[PDB]
Amino acid sequence: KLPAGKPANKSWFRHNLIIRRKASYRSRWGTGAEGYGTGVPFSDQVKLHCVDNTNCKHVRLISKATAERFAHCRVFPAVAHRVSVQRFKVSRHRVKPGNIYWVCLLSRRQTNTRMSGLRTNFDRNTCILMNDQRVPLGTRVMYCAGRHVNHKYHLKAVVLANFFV
Amino acid sequence: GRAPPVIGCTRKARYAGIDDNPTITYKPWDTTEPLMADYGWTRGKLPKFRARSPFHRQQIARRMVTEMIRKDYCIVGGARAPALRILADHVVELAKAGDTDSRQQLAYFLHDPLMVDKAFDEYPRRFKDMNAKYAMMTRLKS
Amino acid sequence: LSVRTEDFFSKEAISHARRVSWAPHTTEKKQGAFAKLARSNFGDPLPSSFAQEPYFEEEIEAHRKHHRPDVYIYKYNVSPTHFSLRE
Amino acid sequence: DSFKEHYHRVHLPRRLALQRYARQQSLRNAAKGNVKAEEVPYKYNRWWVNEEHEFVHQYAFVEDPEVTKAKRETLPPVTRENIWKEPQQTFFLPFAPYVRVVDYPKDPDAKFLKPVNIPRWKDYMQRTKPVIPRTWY
Amino acid sequence: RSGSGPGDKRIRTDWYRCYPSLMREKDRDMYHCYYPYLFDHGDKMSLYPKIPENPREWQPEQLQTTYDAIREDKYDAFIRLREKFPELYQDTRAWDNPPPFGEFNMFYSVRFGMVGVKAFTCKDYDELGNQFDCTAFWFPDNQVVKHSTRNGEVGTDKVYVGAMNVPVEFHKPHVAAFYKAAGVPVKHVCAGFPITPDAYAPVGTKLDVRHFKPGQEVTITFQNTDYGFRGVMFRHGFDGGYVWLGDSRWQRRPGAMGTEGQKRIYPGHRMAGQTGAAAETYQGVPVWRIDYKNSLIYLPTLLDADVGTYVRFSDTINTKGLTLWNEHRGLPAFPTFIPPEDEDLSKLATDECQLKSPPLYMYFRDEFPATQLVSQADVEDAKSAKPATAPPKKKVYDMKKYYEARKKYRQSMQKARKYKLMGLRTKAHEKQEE
Amino acid sequence: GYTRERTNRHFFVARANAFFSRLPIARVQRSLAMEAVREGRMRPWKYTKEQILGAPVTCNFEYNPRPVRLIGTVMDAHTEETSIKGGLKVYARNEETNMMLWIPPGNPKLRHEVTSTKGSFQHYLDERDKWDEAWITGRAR
Amino acid sequence: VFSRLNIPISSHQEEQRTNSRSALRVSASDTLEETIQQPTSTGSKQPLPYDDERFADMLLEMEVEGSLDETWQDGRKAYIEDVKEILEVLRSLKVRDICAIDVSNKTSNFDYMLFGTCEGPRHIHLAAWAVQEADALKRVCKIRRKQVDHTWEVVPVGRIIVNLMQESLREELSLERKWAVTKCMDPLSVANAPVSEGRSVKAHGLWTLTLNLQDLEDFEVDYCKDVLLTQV
Amino acid sequence: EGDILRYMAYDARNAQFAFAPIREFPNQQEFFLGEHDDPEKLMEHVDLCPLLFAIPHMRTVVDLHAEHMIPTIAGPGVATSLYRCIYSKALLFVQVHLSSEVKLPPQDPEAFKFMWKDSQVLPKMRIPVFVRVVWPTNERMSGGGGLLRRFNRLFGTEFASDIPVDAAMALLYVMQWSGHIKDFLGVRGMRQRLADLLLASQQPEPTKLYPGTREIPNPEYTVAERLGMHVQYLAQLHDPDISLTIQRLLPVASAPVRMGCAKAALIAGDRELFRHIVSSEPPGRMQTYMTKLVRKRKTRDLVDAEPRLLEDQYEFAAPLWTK
Amino acid sequence: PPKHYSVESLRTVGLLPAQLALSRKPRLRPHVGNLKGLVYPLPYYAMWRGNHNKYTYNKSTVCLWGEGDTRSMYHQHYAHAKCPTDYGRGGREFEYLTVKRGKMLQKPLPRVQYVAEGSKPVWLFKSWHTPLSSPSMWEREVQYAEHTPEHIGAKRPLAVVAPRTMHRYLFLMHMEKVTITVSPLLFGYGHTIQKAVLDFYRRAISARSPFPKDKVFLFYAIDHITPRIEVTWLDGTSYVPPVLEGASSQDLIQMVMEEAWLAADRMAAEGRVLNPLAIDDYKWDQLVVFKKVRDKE
RNA sequence: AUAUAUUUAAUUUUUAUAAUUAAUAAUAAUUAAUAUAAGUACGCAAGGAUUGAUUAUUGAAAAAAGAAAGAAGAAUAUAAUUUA
Ligand SMILES: [Mg+2]
Ligand SMILES: [Mg+2]
Ligand SMILES: [Mg+2]
């Protein structure tokens with residue numbers, strides 16, 4: 001029990017990573033349809049699809065908080081959970097399980113209310129793989145990118161994507 | 001646009017008014033139709049008298065309405081009286097409507113088909129010249 | 001209102017006593033003359049603060065303060081510009 | 001009651017009695033058949049330069065009982081059409097808006113030909129208040 | 001309510017940006033003054049200190065100055081420059097001839113507010129595409145009811161304003177007696193607003209909604225929704241499980257042995273109790289829309305109050321180190337709005353008596369600003385155009401045809417809808433179904 | 001003990017709900033809707049669910065650097081006549097993307113137009129089944 | 001009128017899409033014999049090759065009515081004068097293999113995509129800065145000072161994007177071939193069956209489709225993206 | 001009424017530059033009004049002209065002692081005023097150039113301040129003033145070409161054949177009232193002054209108060225500095241052969257003359273010639289300041305004539321500084 | 001229509017203004033829960049007091065010299081630099097804002113004295129184009145005819161403000177001659193007066209002039225005449241700096257230089273054309289010494 | 001695993017009306033994305049700072065002077081939507 005005199009919480013570093021909200025009556029997450037700022041961010045150990053033409057299929061999020069509101073100012077690391085098997089054989093194909101890349105989030109299944117009032121429920125959770133320089137490993141994107149992707153933080157992602165909502 | 005300071009349907013006090021804020025709220029069933037109202041302590045619902053369950057409460061309400069239609073009056077106690085008066089109004093509304101669906105609904109609700117027939121025979125001609133409030137409730141001093 | 005050029009450039013907060021004159025040709029900074037002479041921009045900040053206890057003495061005119069005559073009446077010095085106690 | 005609570009409980013009536021005793025001297029004049037309002041001197045010394053050579057202004061406002069009675073009794077005039085029709089601005093324009101683009105010189109890259117009417121970036125950043133003698137926005 | 005909790009450290013208050021330039025009283029001598037330092041001298045101002053009339057009071061090293069050529073020349077040149085160049089020394093004209101009392105003062109004048117009723121809730125979209133869930137408040141009958149000033153002190157004068165005309169049998173006898181003694185129509189509720197004596201209005205003055213401007217910022221006070229006796233998980237949830245935030249003596253090192261424990265519950269301990277039904281105040285809520293025919297004001301925020309609540313509206317005096325009412329943004333209807341004599345709101349329509357505010361944002365909040373977007377298409381032909389240095393005007397060849405075209409454009413622009421409506425009404429009245 | 005949560009002042013306890021007949025709230029709402037109609041942010045509509053749901057809707061959303069153009073069938077409506085709280089639920093499916101949009105009426109950036117002029121309840125059922133299958137499939141397993 | 005780079009414009013454009021099929025766009029005069037032949041042909045009912053027959057018929061009716069163009073009318077199109085100016089700037093910079101593609105009719109975020117081959121990060125950054133200075137009139141920001149990618153540079157000029165790559169990265173991406181092979185947008189494409197990656201008990205969806213693009217190369221995907229959707 | 005008129009003529013100072021009708025009329029011409037230690041006196045003369053309105057479109061008070069208007073080698077720029085003619089409605093765009101200096105600042109300011117602190121004599125300042133006459137196309141408002149040709153042959157001036165007689169007489173009266181009728185000239189007069197400065201530079205020069213030094217320079221103007229400043233003036237006056245004159249004068253120019261030639265090429269708009277001058281300039285403070293003059297990408301783009309090998313690569317700035 | 005700058009125009013340029021009402025950042029209102037009662041729109045007028053408006057009925061406070069009740073006590077500086085009625089609260093209680101009741105009385109401004117009515121004065125235009133070392137910057141700005149000394153022969157009044165310079169050397173340009181009389185024999189006891197006069201002669205020989213030997217002269221008085229200095233200016237007027245006990249050569253130089261400035265001002269007012277000060281070999285040698293001092297420390 | 005005492009959080013139900021003082025929840029040593037100062041200052045050069053703005057983190061708080069044994073809804077959100 002550290003410190004011995006006045007024991008404190010051992011989650012001090014976790015508090016710097018999580019985005020929490022006290023579940024009082026004035027502070028609530030709720031569903032995404034209540035308005036802007038009412039969607040619960042993705043926690044850790046969340047599976048996302050990988051829609052770029054890479055060997056990876058599913059990723060698992062490492063971040064304690066992941067959402068579209070702060071997809072421009074926060075980095076989202078993830079681990080390749082499932083990798084496509086090529087029975088008959090570049091950098092995008094060399095994706096091996098367990099590896100850690102960054103992910104650009106494209107869409108979510110949870111309700112997302114824009115500031116204009118347009119709610120959206122996409123088909124499945126979506127993301128694309130990137131390196132530490134924010135350059136996507138794939139050459140094409142097989143899904144739709146969200147409006148939050150339109151930011152200078154995702155320049156190459158916007159260039160490689162072909163459809164936005 | 002943003003969300004209200006308190007999001008979601010939050011149970012307020014018994015005498016607190018409405019909020020009139022955008023809130024996704026669903027009703028259990030269509031309570032606008034007669035004899036299908038819900039019981040609660042808000043103003044949009046009938047005052048729920050004490051019962052072991054909603055099923056037991058509905059059974060008490062059914063026997064209350066049956067005896068009311070039977071002998072034209074009923075001496076009740078507590079929160080049962082407003083519910084009985086409103087359900088008697090609903091019965092008179094169904095009788096004045098006089099549809100086959102109204103007959104079948106009053107038969108589903110009541111315990112006595114003879115009382116269903118008596119209601120549909122008497123109440124239309126009885127309250128043809130009345131708009132609403134067909135039942136009178138008097139609080140006794142005993 | 002609208003955007004006005006008067007608000008673009010800040011002026012000096014020099015005091016009235018420390019001022020040279022209120023003329024529009026002397027409203028600017030005093031070091032600007034030597035800056036123009038040297039053909040260079042000087043960006044020296046925080047030149048000096050006043051003091052912790054800035055006290056000064058009464059200054060007399062450039063000629064009076066040195067050519068004051070020792071003229072006295074009953075117990076006081078007398079000058080065309082000043083009075084003072086004499087012993 | 002605590003120390004300060006007891007002190008104020010005892011002294012607030014005494015403070016009001018002292019204020020009444022002060023106003024007694026003002027009522028002395030009205031009983032002489034000559035009513036003169038309180039005469040406060042105007043302060044000609046409300047503009048200063050502090051230790052750090054910064055401009056300071058002391059705001060002194062005097063309330064006139066005659067103007068107060070006039071406003072209590074009489075009706076205010078009609079509001080101006082532009083005052084009640086033009087909306088209140090939601091943003092505050094900078095005193096020195098940096099432009100960064102002027103079509104004066106033939107070659108836009110030439111820095112030594114930019115007109116001096118346009119404010120610089122240091123001005124745009126530091127001019128968050130009117131000029132030294134000015135006091136109103 | 002009154003708070004008295006542990007507080008939230010998310011809101012980062014910054015008081016270091018809230019200190020004016022420090023000035024000491026000892027530094028108010030004649031060597032620090034910006035203008036010629038003047039001495040009182042009794043009934044006339046002077047440039048020199050007062051000389052004691054008793055010569056025995058003169059100090060040994062004190063200098064009794066009767067004429068200082070330096071001060072004389074400086075003061076003379078200053079006065080003469082200010083007299084000869086008014087437009088050049090305009091900012092120095094506040095030294096003497098100050099602004100008189102009674103007029104609106106940017107840093108002094110505070111005016112009263114009004115009392116509205118939370119009417120309903122709607123949603124409105126701005127020009128940029130931003131949505132706002134707005135609450136519409138109703139101001140039924142605002143009217144100055146009373147003036148108050150305790151002991152005639154300075155800064156304690158306020159005005160009481162009523163809200164809704166009610167019959168005589170509505171109030172308690174003492175409230176009816178209060179309104180009878182006041183002499184104004186019997187109102188439902190009455191709220192007091194502390195003001196300055198230059199912002200007074202006569203008792204019984206009708207207060208129009210146009211008292212507020214459609215783009216200003218207001219402070220509102222209401223009663224939030226009553227939730228009854230609720231628990232520690234409902235109010236200030238995820239807290240109250242253990243005694244937290246306790247600063248007492250404890251040992252940081254194993255050097256010594258001394259501790260001071262907790263022997264009671266300290267005040268402010270978060271527990272269960274009443275929730276809601278409290279006076280809640282919102283500060284700096286912008287005004288969105290003003291309907292001055294139905295007496296309605298729209299606020300882009302939603303409240304935690306019930307419909308029918310009386311909300312006290314006042315104006316926020318300043319925001320972010322800047323005054324609300326100023327020459328840059330705008331001036332208010334001081335002391336209050338007075339309608340013109342020719343106005344008749346009965347002849348006006350609801351769609352006419354509307355006043356909207358300028359946009360509260362700079363970009364489409366769905367997207368990012370232009371400096372942060374990857375790419376954008378800039379198409380603004382009627383909004384504004386920063387392209388300066390307009391090209392030279394076209395060389396005219398015939399003033400006759402030029403003026404003909406100009407007059408034709410002016411005539412086609414003027415009376416586009418009013419003349420059309422008048423002609424349509426005249427045609428409908430002259431047709432007579434023929 | 002040292003605080004108080006409730007207020008019993010007359011100004012706050014009093015309510016004005018009894019005097020709401022002097023205020024035409026519904027007329028003000030209709031006036032706001034008509035103002036939106038005449039400004040062009042929305043067009044007046046009047047239909048029932050059985051005749052609105054299932055109609056393709058062409059929605060152009062003004063977004064940088066290029067407006068997004070979608071075609072999606074009506075899944076639900078929130079108001080029969082035109083209103084500031086009208087609402088519209090639209091299922092739009094792109095080449096590989098399926099989305100469920102709720103477009104509010106009166107936004108100048110979200111220009112959606114109903115074009116079918118008819119209901120097509122069978123098409124509504126087909127799109128409902130497609131969306132259900134896609135939603136159940138999209139979950140990671 | 002002048003373009004975004006302050007260049008006079010002498011070539012007009014169409015506010016509608018070229019792939020559209022609208023009666024207002026059709027300028028050929030009708031004929032009674034042609035109408036009679038078309039009626040005799042349509043007398044035999046035959047459904048459309050798309051999955052949703054009702055939706056396909058409704059979409060074709062909307063297209064021939066032209067309300068789709070009235071809803072998708074967009075006058076914010078770019079100009080070919082800016083593309084030609086950027087081409088001349090890159091030619092002065094000696095950028096090899098300049099390829100411009102108009103993707104305004106196709107599903108994308110930009111009207112024009114330029115692709116250039118530069119040899120080295122120095123040359124890439126020089127070309128990027130030159131494009132920026134050519135766009136200096138209407139630009140609001142500058143390019144990144146530090147190159148985060150020494151083989152790829154992206155310069156946005158309005159609705160025109162400029163990619164500056166090396167030979168290896170250009171041949172690896174092959175974006176020009178992709179945007180050339182990609183067909184223009186057709187509103188009848190949404191009449192196909194929805195696709196979603198889901199393994200069923202028999203690898204078959206009742207209302208959806210299952211296609212795996214991992215076994216297909218980039219060019220195979222570019223060539224068969226719409227082909228597979230139209231087939232299955 | 002008079003107070004409002006005065007305050008409008010005053011707010012003419014606060015008028016903004018972007019919204020000024022400088023290019024309101026098609027035709028324009030440039031004239032040089034001479035160099036003034038205190039151009040505010042000439043500005044007051046222009047303000048008090050009977051042929052111009054007392055309320056100008058734009059006014060700029062030239063205060064050389066302001067931190068934003070201190071003349072430097074890479075000076076602050078140009079102070080601009082705009083006056084309107086009463087009878088022809090033409091425009092006079094007065095431009096005080098505070099960036100024509102070709103003298104480097106002292107290396108050690110403390111020594112220069114110690115040297116010139118107590119001096120009771122200061123040298124003159126050579127600050128150029130130009131005027132741009134802007135007028136519309138007129139057939140009968142300028143009095144025909146013959147009237148202006150007669151005025152030119154009588155007063156040795158260079159006016160266009162269609163410049164309004166109103167603006168012509170306004171400029172003539174202002175220059176005569178100020179006493180700089182010899183300084184008022186055009187392109188021909190500027191070419192003659194440049195030839196005179198070339199002859200003076202060929203001739204031996206007299207000794208100034210003290211020789212110039214990179215540590216403590218001499219504030220007095222030398223013949224080479226005057227030659228550079230007048231090359232700048234000839235470029236400002238829109239000479240059609242300014243590039244050829246700069247190319248012919250560069251091989252026989254000193255360091256201040258080459259700095260003036262660089263400024264003149266930059267004013268004329270020949271970025272290629274400017275880059276050639278900067279690349280030919282030997283390394284030093286002069287080259288550093290002529291590089292600092294412009295908005296550039298990298299200093300090597302201007303300094304390095306041949307591409308310097310950086311990471312086995314070569315950069316090229318010819319497309320960046322061409323045309 | 002005329003165009004002006006607006007928030008939309010500045011946005012198109014590329015600059016966005018700060019949010020005023022809708023912002024998740026602090027709005028800088030420290031008085032929302034701290035100041036009670038009436039609050040004035042002047043921001044931050046009560047922050048130095050401790051962000052509160054309590055205890056305003058107090059009259060006397062803790063105060064240093066020049067603040068508060070200091071007016072009743074004598075201090076040499078404030079007795080001439082502050083009016084005894086302009087003493088306010090001291091310390092953190094400085095009045096950034098003051099509100100009072102009653103009829104405001106605005107006393108009339110002071111009047112310039114010793115100015116005859118109906119006199120048209122000469123106006124002197126002071127600018128920074130004139131060097132600060134010139135006496136014209138120190139000359140009066142509003143100069144009347146009733147202030148001109150005509151008995152001396154001046155066309156204008158004399159300067160009222162003198163330069164504040166510690167003179168370490170002599171400038172013999174406005175001085176016709178300097179005669180220094182000393183005693184040949186040396187006093188028995190240490191004669192500080194004799195030492196100071198000898199040092200003054202040394203510094204006058206080393207003074208700032210092309211050839212100070214032509215103007216400096218030394219004489220010996222066998223008559224036991226006290227050591228004295230006599231400076232004859234260009235107009236013939238003579239000045240005798242009194243050499244008292246304790247005065248140093250620096251003090252004598254300061255006196256001579258101040259009187260030289262006054263004499264040159266008198267010359268300029270009379271109409272005499274004086275040679276100006278400029279750069280010379282003496283100034284170059286002083287620059288050498290200055291660089292030596294700077295390199296040392 | 002206990003409200004017995006202390007202590008706290010509430011309450012003592014329209015009080016027309018917070019504020020003269022007691023006491024009391026938010027006293028920057030922030031972090032991340034952009035863009036502008038600027039491709040400046042500063043570096044031999046490759047290079048390259050400091051920096052007040054928007055987002056990101058989604059909340060708002062006023063104590064005591066009036067008549068009291070029903071449901072603070074005559075209850076199906078209207079102060080009686082016709083009413084025998
Ligand atoms: Mg993948
Ligand atoms: Mg945003
Ligand atoms: Mg009570």
# chains A, B, ... in the order shown; residues from 1 in each chain; ligands from 1

call {"tool": "closest_atom_pairs", "arguments": {"of": "chain A", "to": "chain B", "cutoff": "8 Å", "atoms": "only C-alpha atoms", "output": "tab-separated table"}}
result
residue	atom	partner	partner_atom	distance
A:25	CA	B:6	CA	5.9
A:26	CA	B:6	CA	5.1
A:27	CA	B:6	CA	7.3
A:28	CA	B:7	CA	6.9
A:30	CA	B:7	CA	6.8
A:34	CA	B:3	CA	5.5
A:35	CA	B:2	CA	4.7
A:36	CA	B:2	CA	5.0
A:37	CA	B:2	CA	7.3
A:38	CA	B:3	CA	7.5
A:114	CA	B:1	CA	7.8
A:115	CA	B:1	CA	5.2
A:116	CA	B:1	CA	6.5
A:117	CA	B:1	CA	6.2

call {"tool": "interface_residues", "arguments": {"of": "chain J", "to": "chain I", "cutoff": "8 Å", "atoms": "only C-alpha atoms (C1' of nucleotides)", "output": "NGL selection string"}}
result
:J and (19 or 36 or 53-54 or 58)

call {"tool": "residues_near_ligand", "arguments": {"ligand": "ligand 1", "cutoff": "8 Å", "atoms": "only C-alpha atoms (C1' of nucleotides) and all ligand atoms", "output": "number ranges by chain"}}
result
A: 49-58, 84, 128; G: 214

call {"tool": "write_last_selection", "arguments": {"atoms": "N, CA, C and O atoms", "output": "compact mmCIF listing (two decimals), in the first residue's frame"}}
result
# COMPACT_ATOMS: atom_id res chain seq x y z
N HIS A 49 -12.54 -3.54 -38.15
CA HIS A 49 -12.20 -4.06 -39.46
C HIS A 49 -11.08 -3.24 -40.09
O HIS A 49 -10.90 -2.06 -39.78
N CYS A 50 -10.34 -3.87 -40.99
CA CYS A 50 -9.25 -3.23 -41.71
C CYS A 50 -9.56 -3.30 -43.20
O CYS A 50 -9.47 -4.38 -43.80
N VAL A 51 -9.94 -2.17 -43.79
CA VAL A 51 -10.49 -2.15 -45.14
C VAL A 51 -9.47 -1.81 -46.20
O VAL A 51 -9.81 -1.81 -47.39
N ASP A 52 -8.22 -1.52 -45.83
CA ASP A 52 -7.21 -1.32 -46.86
C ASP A 52 -6.71 -2.67 -47.37
O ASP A 52 -6.85 -3.70 -46.71
N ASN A 53 -6.12 -2.65 -48.56
CA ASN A 53 -5.64 -3.88 -49.20
C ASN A 53 -4.33 -4.34 -48.55
O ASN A 53 -3.27 -4.38 -49.16
N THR A 54 -4.43 -4.69 -47.27
CA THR A 54 -3.32 -5.22 -46.50
C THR A 54 -3.64 -6.64 -46.07
O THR A 54 -4.77 -7.11 -46.15
N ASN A 55 -2.60 -7.33 -45.59
CA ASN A 55 -2.77 -8.70 -45.13
C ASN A 55 -3.65 -8.79 -43.89
O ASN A 55 -4.16 -9.87 -43.58
N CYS A 56 -3.86 -7.68 -43.19
CA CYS A 56 -4.63 -7.69 -41.96
C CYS A 56 -6.13 -7.65 -42.25
O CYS A 56 -6.57 -7.08 -43.26
N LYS A 57 -6.90 -8.26 -41.37
CA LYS A 57 -8.36 -8.24 -41.45
C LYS A 57 -9.00 -7.56 -40.25
O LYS A 57 -9.85 -6.68 -40.42
N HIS A 58 -8.59 -7.92 -39.04
CA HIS A 58 -9.12 -7.34 -37.82
C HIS A 58 -7.98 -6.77 -36.98
O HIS A 58 -6.88 -7.32 -36.95
N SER A 84 -5.07 -12.03 -43.07
CA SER A 84 -5.51 -12.84 -44.19
C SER A 84 -4.40 -13.78 -44.64
O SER A 84 -3.23 -13.42 -44.66
N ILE A 128 -8.12 2.02 -40.93
CA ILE A 128 -7.04 1.69 -41.85
C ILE A 128 -5.71 1.79 -41.11
O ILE A 128 -5.55 2.57 -40.17
N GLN G 214 -8.85 -9.95 -50.79
CA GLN G 214 -7.49 -10.27 -50.39
C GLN G 214 -6.79 -11.11 -51.45
O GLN G 214 -5.60 -10.91 -51.73

call {"tool": "residues_around", "arguments": {"residues": "stretch 25-29 of chain C", "least_positions_apart": "4", "cutoff": "9 Å", "atoms": "only C-alpha atoms (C1' of nucleotides)", "output": "PyMOL selection string"}}
result
(chain C and resi 11-12+14+19-21+33) or (chain H and resi 63+65-67) or (chain I and resi 125-129)

call {"tool": "interface_residues", "arguments": {"of": "chain H", "to": "chain C", "cutoff": "7 Å", "atoms": "only C-alpha atoms", "output": "list in words"}}
result
residues 14, 15, 16, 64, 65, 66, 67, 70, 71, 72, 105, 106 and 219 of chain H

call {"tool": "residues_around", "arguments": {"residues": "residue C:73", "least_positions_apart": "6", "cutoff": "12 Å", "atoms": "only C-alpha atoms (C1' of nucleotides)", "output": "list in words"}}
result
residues 79, 83, 84, 85, 86 and 87 of chain C

call {"tool": "closest_atom_pairs", "arguments": {"of": "chain F", "to": "ligand 3", "cutoff": "12 Å", "atoms": "only C-alpha atoms and all ligand atoms", "output": "JSON lines"}}
result
{"residue": "F:7", "atom": "CA", "partner": "ligand 3", "partner_atom_place_in_ligand_line": "1 (Mg)", "distance": 12.0}
{"residue": "F:8", "atom": "CA", "partner": "ligand 3", "partner_atom_place_in_ligand_line": "1 (Mg)", "distance": 8.4}
{"residue": "F:9", "atom": "CA", "partner": "ligand 3", "partner_atom_place_in_ligand_line": "1 (Mg)", "distance": 9.9}
{"residue": "F:10", "atom": "CA", "partner": "ligand 3", "partner_atom_place_in_ligand_line": "1 (Mg)", "distance": 10.0}
{"residue": "F:13", "atom": "CA", "partner": "ligand 3", "partner_atom_place_in_ligand_line": "1 (Mg)", "distance": 11.6}

call {"tool": "write_last_selection", "arguments": {"atoms": "C-alpha atoms", "output": "compact mmCIF listing (two decimals), in the first residue's frame"}}
result
# COMPACT_ATOMS: atom_id res chain seq x y z
CA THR F 7 -35.52 27.42 -2.80
CA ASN F 8 -38.95 28.48 -1.53
CA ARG F 9 -38.94 32.00 -2.98
CA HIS F 10 -42.23 33.03 -4.56
CA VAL F 13 -42.02 28.48 -6.86

call {"tool": "residues_near_ligand", "arguments": {"ligand": "ligand 2", "cutoff": "12 Å", "atoms": "only C-alpha atoms (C1' of nucleotides) and all ligand atoms", "output": "ChimeraX atom specification"}}
result
/A:36-37,68-73,114-116,147-151 /B:1 /E:130,361-370,372-373 /I:23-24 /J:54-56

call {"tool": "interface_residues", "arguments": {"of": "chain E", "to": "chain J", "cutoff": "8 Å", "atoms": "only C-alpha atoms (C1' of nucleotides)", "output": "PyMOL selection string"}}
result
chain E and resi 1-16+160+174-175+178+189-192+264-274+278-283+371-372

call {"tool": "residues_around", "arguments": {"residues": "residue C:49", "least_positions_apart": "5", "cutoff": "9 Å", "atoms": "only C-alpha atoms (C1' of nucleotides)", "output": "tab-separated table (two decimals) with N, CA, C and O atoms, in the first residue's frame"}}
result
chain	number	residue	atom	x	y	z
D	51	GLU	N	5.20	51.78	-12.30
D	51	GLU	CA	6.64	51.53	-12.19
D	51	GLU	C	7.20	50.93	-13.47
D	51	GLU	O	8.31	51.26	-13.89
D	52	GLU	N	6.44	50.04	-14.12
D	52	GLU	CA	6.88	49.37	-15.33
D	52	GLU	C	6.58	50.17	-16.59
D	52	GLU	O	6.55	49.59	-17.68
D	53	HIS	N	6.37	51.48	-16.46
D	53	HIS	CA	6.09	52.36	-17.60
D	53	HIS	C	4.85	51.92	-18.36
D	53	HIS	O	4.79	52.00	-19.59

call {"tool": "residues_around", "arguments": {"residues": "residue H:25", "least_positions_apart": "5", "cutoff": "8 Å", "atoms": "only C-alpha atoms (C1' of nucleotides)", "output": "list in words"}}
result
residues 392 and 393 of chain E; 90, 134, 135 and 136 of chain H

call {"tool": "residues_around", "arguments": {"residues": "stretch 53-60 of chain F", "least_positions_apart": "5", "cutoff": "10 Å", "atoms": "only C-alpha atoms (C1' of nucleotides)", "output": "ChimeraX atom specification"}}
result
/F:47-48,67-77,88-92,103,109-128 /G:55,58-59,62,67-69,71-74,187

call {"tool": "interface_residues", "arguments": {"of": "chain G", "to": "chain J", "cutoff": "10 Å", "atoms": "only C-alpha atoms (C1' of nucleotides)", "output": "ChimeraX atom specification"}}
result
/G:129,140-145

call {"tool": "interface_residues", "arguments": {"of": "chain E", "to": "chain C", "cutoff": "9 Å", "atoms": "only C-alpha atoms", "output": "PyMOL selection string"}}
result
chain E and resi 26-27+30-37+55-56+58-71+74+77-78+81+88+327-330

call {"tool": "decode", "arguments": {"residues": "stretch 39-46 of chain B", "atoms": "C-alpha atoms", "output": "compact mmCIF listing (two decimals), in the first residue's frame"}}
result
# COMPACT_ATOMS: atom_id res chain seq x y z
CA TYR B 39 -50.74 3.78 -14.26
CA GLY B 40 -48.13 6.06 -12.74
CA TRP B 41 -47.47 9.15 -10.67
CA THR B 42 -46.82 11.53 -13.55
CA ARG B 43 -49.68 13.64 -14.87
CA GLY B 44 -50.02 11.71 -18.13
CA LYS B 45 -51.00 8.55 -16.24
CA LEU B 46 -53.72 7.44 -13.85
